[PDB]
Each structure stands twice: as structure tokens, then as C-alpha cells.
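A.B. asks: Sharing final-v2.cif here; it has mmCIF, C-alpha atoms; chains and numbers go by the auth columns.
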```
data_protein
loop_
_atom_site.group_PDB
_atom_site.id
_atom_site.type_symbol
_atom_site.label_atom_id
_atom_site.label_comp_id
_atom_site.label_asym_id
_atom_site.label_seq_id
_atom_site.Cartn_x
_atom_site.Cartn_y
_atom_site.Cartn_z
_atom_site.B_iso_or_equiv
_atom_site.auth_seq_id
_atom_site.auth_asym_id
ATOM 1 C CA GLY A 1 -7.209 -25.246 -28.625 0.00 1 W
ATOM 2 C CA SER A 2 -10.163 -22.911 -28.238 0.00 2 W
ATOM 3 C CA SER A 3 -11.941 -21.187 -25.376 0.00 3 W
ATOM 4 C CA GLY A 4 -14.991 -18.955 -25.567 0.00 4 W
ATOM 5 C CA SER A 5 -15.503 -16.404 -28.316 0.00 5 W
ATOM 6 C CA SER A 6 -16.978 -13.056 -27.348 0.00 6 W
ATOM 7 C CA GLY A 7 -19.622 -13.437 -24.667 0.00 7 W
ATOM 8 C CA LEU A 8 -21.044 -11.216 -21.951 0.00 8 W
ATOM 9 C CA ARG A 9 -21.018 -14.086 -19.485 0.00 9 W
ATOM 10 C CA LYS A 10 -17.894 -15.522 -21.069 0.00 10 W
ATOM 11 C CA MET A 11 -16.359 -12.131 -20.383 0.00 11 W
ATOM 12 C CA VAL A 12 -17.125 -12.289 -16.681 0.00 12 W
ATOM 13 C CA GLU A 13 -16.577 -16.032 -16.560 0.00 13 W
ATOM 14 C CA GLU A 14 -12.882 -15.211 -16.530 0.00 14 W
ATOM 15 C CA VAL A 15 -13.126 -12.033 -14.487 0.00 15 W
ATOM 16 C CA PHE A 16 -14.387 -13.664 -11.313 0.00 16 W
ATOM 17 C CA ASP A 17 -11.879 -16.414 -12.002 0.00 17 W
ATOM 18 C CA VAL A 18 -9.022 -13.979 -12.485 0.00 18 W
ATOM 19 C CA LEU A 19 -9.947 -11.827 -9.513 0.00 19 W
ATOM 20 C CA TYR A 20 -10.311 -14.983 -7.456 0.00 20 W
ATOM 21 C CA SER A 21 -6.974 -16.330 -8.628 0.00 21 W
ATOM 22 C CA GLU A 22 -5.529 -12.892 -7.973 0.00 22 W
ATOM 23 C CA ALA A 23 -6.696 -12.918 -4.374 0.00 23 W
ATOM 24 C CA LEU A 24 -5.625 -16.541 -4.165 0.00 24 W
ATOM 25 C CA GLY A 25 -2.216 -15.534 -5.463 0.00 25 W
ATOM 26 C CA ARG A 26 -2.029 -18.454 -7.864 0.00 26 W
ATOM 27 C CA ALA A 27 -0.091 -18.846 -11.092 0.00 27 W
ATOM 28 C CA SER A 28 -2.832 -20.348 -13.227 0.00 28 W
ATOM 29 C CA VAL A 29 -6.362 -19.022 -13.554 0.00 29 W
ATOM 30 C CA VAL A 30 -8.584 -21.256 -11.458 0.00 30 W
ATOM 31 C CA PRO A 31 -12.381 -21.433 -11.728 0.00 31 W
ATOM 32 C CA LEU A 32 -14.826 -20.060 -9.187 0.00 32 W
ATOM 33 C CA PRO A 33 -16.800 -22.817 -7.448 0.00 33 W
ATOM 34 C CA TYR A 34 -19.821 -20.679 -6.652 0.00 34 W
ATOM 35 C CA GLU A 35 -21.840 -23.681 -5.539 0.00 35 W
ATOM 36 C CA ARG A 36 -19.273 -23.746 -2.760 0.00 36 W
ATOM 37 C CA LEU A 37 -18.182 -20.168 -2.181 0.00 37 W
ATOM 38 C CA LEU A 38 -21.913 -19.528 -2.151 0.00 38 W
ATOM 39 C CA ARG A 39 -22.475 -22.014 0.648 0.00 39 W
ATOM 40 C CA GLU A 40 -19.837 -20.291 2.746 0.00 40 W
ATOM 41 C CA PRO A 41 -19.749 -16.515 2.243 0.00 41 W
ATOM 42 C CA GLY A 42 -17.190 -16.156 5.008 0.00 42 W
ATOM 43 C CA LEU A 43 -14.814 -18.313 3.002 0.00 43 W
ATOM 44 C CA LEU A 44 -14.782 -15.728 0.237 0.00 44 W
ATOM 45 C CA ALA A 45 -16.768 -12.507 0.184 0.00 45 W
ATOM 46 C CA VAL A 46 -17.303 -10.655 -3.074 0.00 46 W
ATOM 47 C CA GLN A 47 -16.999 -6.892 -2.811 0.00 47 W
ATOM 48 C CA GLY A 48 -17.113 -4.016 -5.269 0.00 48 W
ATOM 49 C CA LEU A 49 -19.980 -5.723 -7.055 0.00 49 W
ATOM 50 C CA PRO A 50 -22.273 -3.921 -9.506 0.00 50 W
ATOM 51 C CA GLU A 51 -24.903 -2.166 -7.427 0.00 51 W
ATOM 52 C CA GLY A 52 -28.316 -3.758 -7.804 0.00 52 W
ATOM 53 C CA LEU A 53 -27.155 -7.352 -8.041 0.00 53 W
ATOM 54 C CA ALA A 54 -26.091 -10.375 -6.029 0.00 54 W
ATOM 55 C CA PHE A 55 -23.011 -12.570 -5.901 0.00 55 W
ATOM 56 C CA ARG A 56 -23.831 -15.448 -8.218 0.00 56 W
ATOM 57 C CA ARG A 57 -22.683 -17.287 -11.321 0.00 57 W
ATOM 58 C CA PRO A 58 -22.013 -15.116 -14.381 0.00 58 W
ATOM 59 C CA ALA A 59 -24.674 -17.030 -16.275 0.00 59 W
ATOM 60 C CA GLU A 60 -27.386 -16.868 -13.640 0.00 60 W
ATOM 61 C CA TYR A 61 -26.887 -13.117 -13.677 0.00 61 W
ATOM 62 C CA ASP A 62 -28.942 -10.914 -15.970 0.00 62 W
ATOM 63 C CA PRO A 63 -27.973 -9.505 -19.374 0.00 63 W
ATOM 64 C CA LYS A 64 -27.460 -5.886 -18.390 0.00 64 W
ATOM 65 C CA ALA A 65 -25.874 -7.284 -15.251 0.00 65 W
ATOM 66 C CA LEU A 66 -22.938 -8.937 -16.976 0.00 66 W
ATOM 67 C CA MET A 67 -22.467 -5.657 -18.804 0.00 67 W
ATOM 68 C CA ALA A 68 -22.582 -3.857 -15.477 0.00 68 W
ATOM 69 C CA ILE A 69 -20.170 -6.414 -14.072 0.00 69 W
ATOM 70 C CA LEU A 70 -17.609 -5.994 -16.825 0.00 70 W
ATOM 71 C CA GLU A 71 -18.091 -2.262 -16.419 0.00 71 W
ATOM 72 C CA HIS A 72 -18.165 -2.201 -12.635 0.00 72 W
ATOM 73 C CA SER A 73 -15.504 -4.893 -12.602 0.00 73 W
ATOM 74 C CA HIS A 74 -13.005 -2.118 -11.988 0.00 74 W
ATOM 75 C CA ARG A 75 -14.632 -2.172 -8.572 0.00 75 W
ATOM 76 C CA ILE A 76 -15.347 -5.878 -8.285 0.00 76 W
ATOM 77 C CA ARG A 77 -12.937 -7.165 -5.664 0.00 77 W
ATOM 78 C CA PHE A 78 -12.626 -10.552 -4.004 0.00 78 W
ATOM 79 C CA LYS A 79 -12.026 -11.049 -0.299 0.00 79 W
ATOM 80 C CA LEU A 80 -10.570 -14.228 1.150 0.00 80 W
ATOM 81 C CA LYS A 81 -11.157 -15.324 4.724 0.00 81 W
ATOM 82 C CA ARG A 82 -7.442 -14.689 5.069 0.00 82 W
ATOM 83 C CA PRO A 83 -6.112 -11.132 5.376 0.00 83 W
ATOM 84 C CA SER A 84 -3.601 -9.610 2.989 0.00 84 W
ATOM 85 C CA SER A 85 -5.064 -9.903 -0.491 0.00 85 W
ATOM 86 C CA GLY A 86 -2.724 -9.972 -3.465 0.00 86 W
ATOM 87 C CA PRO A 87 -3.056 -6.567 -5.143 0.00 87 W
ATOM 88 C CA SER A 88 -3.113 -6.373 -8.923 0.00 88 W
ATOM 89 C CA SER A 89 -0.469 -3.672 -9.123 0.00 89 W
ATOM 90 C CA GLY A 90 -1.749 -0.265 -8.086 0.00 90 W
#
```
In C-alpha cells, how does this file's structure come out?

C.D. replies:
Amino acid sequence: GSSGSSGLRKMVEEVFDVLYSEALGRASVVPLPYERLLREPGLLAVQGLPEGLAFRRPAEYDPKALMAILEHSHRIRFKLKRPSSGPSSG
């Protein structure tokens, strides 16, 4: 089918998901239930975020933010309550 088509938020919409799934060590890319993760920060803490921002939906974020997220993404790193996070490769 289809899924997104060039979008600042749509670009990060997957990032957070990927990163999350990466830390989760899953096979498929799962979504990021902010409404939840937000409630409990201890459950999953977001690190390596784009300075001058706050962990929140990719939409809620600002315009330049998303751009700073996709740019700072290289830093963006998820942290699960459980130790030993699945590294990308490096």
C-alpha cells in the first residue's frame, strides 16, 4: 500500500518508532505510545534529544524542531527501564 510521503514529522514519526523498536529489540517497527511513555518517564527515557526541546509527539513538536530532531537524531537515543539496550551496530 502506501505510507507517508515526505514529511518533517513523518520523518521523525518513524525515527522514534525505529529507535524505540531498536531498544525494544523487536523485529517489526512498533509505534511510540507517547500518551503512555509520557505518563511514565521511568518506563522509557528519551536521551540524546535536540537541545532546546522536550520529549513529545513528533507532531506536537515545532517545525524547526523536527528538522533538529532528524538532524540531532544521530544523538537521539532511547532508554528502557531495563538495562542493556540493543545497539544499532557501532

A.B. asks: Leaving out segment 75-85 of chain W and any residue of its chain fewer than 4 positions from it, which residues lie within 6 Å of it when counting all atoms listed in the file, given as a JSON list (two decimals) with C-alpha atoms, in the coordinates of the input?

C.D. replies:
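Once written, result.json looks like this:
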```
[["chain", "number", "residue", "atom", "x", "y", "z"],
["W", 23, "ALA", "CA", -6.70, -12.92, -4.37],
["W", 43, "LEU", "CA", -14.81, -18.31, 3.00],
["W", 44, "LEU", "CA", -14.78, -15.73, 0.24],
["W", 45, "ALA", "CA", -16.77, -12.51, 0.18],
["W", 46, "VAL", "CA", -17.30, -10.66, -3.07],
["W", 47, "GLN", "CA", -17.00, -6.89, -2.81],
["W", 48, "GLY", "CA", -17.11, -4.02, -5.27],
["W", 49, "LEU", "CA", -19.98, -5.72, -7.06]]
```

A.B. asks: Would you compute the distance between atom CA of residue 33 of chain W and atom CA of residue 66 of chain W? Give it in Å to one decimal.

C.D. replies: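 Pair atom CA of residue 33 of chain W / atom CA of residue 66 of chain W returns 17.9 Å.
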
A.B. asks: Determine, counting all atoms listed in the file, which protein, DNA and RNA residues have an atom within 10 Å of an atom of residue 51 of chain W; residues of the same chain fewer than 4 positions away are not included. Present the result as an mmCIF file with C-alpha atoms, in the frame of the given file.

C.D. replies:
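Output (result-v1.cif):
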```cif
data_model
loop_
_atom_site.group_PDB
_atom_site.id
_atom_site.type_symbol
_atom_site.label_atom_id
_atom_site.label_comp_id
_atom_site.auth_asym_id
_atom_site.auth_seq_id
_atom_site.Cartn_x
_atom_site.Cartn_y
_atom_site.Cartn_z
ATOM 1 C CA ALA W 65 -25.874 -7.284 -15.251
ATOM 2 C CA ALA W 68 -22.582 -3.857 -15.477
ATOM 3 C CA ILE W 69 -20.170 -6.414 -14.072
ATOM 4 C CA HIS W 72 -18.165 -2.201 -12.635
#
```

A.B. asks: Work out how far atom CA of residue 55 of chain W is from atom CA of residue 11 of chain W, in Å to one decimal.

C.D. replies: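 Atom CA of residue 11 of chain W sits 15.9 Å away from atom CA of residue 55 of chain W.
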
A.B. asks: What would the selection look like, as a list in words, if the PyMOL selection byres ((chain W and resi 56) around 10) were run on the coordinates I just shared?

C.D. replies: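 On the file shown, the PyMOL selection byres ((chain W and resi 56) around 10) covers residues 34, 35, 37, 38, 46, 53, 54, 55, 57, 58, 59, 60 and 61 of chain W.
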
A.B. asks: Segment 25-31 of chain W: which residues within 10 Å, counting all atoms listed in the file, same-chain residues fewer than 4 positions away excluded, as a PyMOL selection string?

C.D. replies: chain W and resi 13-21+85-88

A.B. asks: Based on the selection just made, write C-alpha atoms of those residues as a compact mmCIF listing (two decimals), keeping the file's coordinate frame.

C.D. replies:
```
# COMPACT_ATOMS: atom_id res chain seq x y z
CA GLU W 13 -16.58 -16.03 -16.56
CA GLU W 14 -12.88 -15.21 -16.53
CA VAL W 15 -13.13 -12.03 -14.49
CA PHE W 16 -14.39 -13.66 -11.31
CA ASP W 17 -11.88 -16.41 -12.00
CA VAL W 18 -9.02 -13.98 -12.48
CA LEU W 19 -9.95 -11.83 -9.51
CA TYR W 20 -10.31 -14.98 -7.46
CA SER W 21 -6.97 -16.33 -8.63
CA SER W 85 -5.06 -9.90 -0.49
CA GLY W 86 -2.72 -9.97 -3.46
CA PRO W 87 -3.06 -6.57 -5.14
CA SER W 88 -3.11 -6.37 -8.92
```

A.B. asks: With only C-alpha atoms as the basis for distance, which of W:5, W:10, W:32, W:50 is at the shortest distance from residue 71 of chain W?

C.D. replies: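 Answer, going by the shortest atom-to-atom distance: W:50.
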
A.B. asks: Please, what distance in Å, to one decimal, runs between atom CA of residue 24 of chain W and atom CA of residue 42 of chain W?

C.D. replies: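 Answer for the atom CA of residue 24 of chain W to atom CA of residue 42 of chain W separation: 14.8 Å.
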
A.B. asks: For each of W:2, W:90, W:12, W:7, take the minimum atom-to-atom distance to residue 70 of chain W, counting all atoms listed in the file, then give the residue where this is smallest.

C.D. replies: W:12
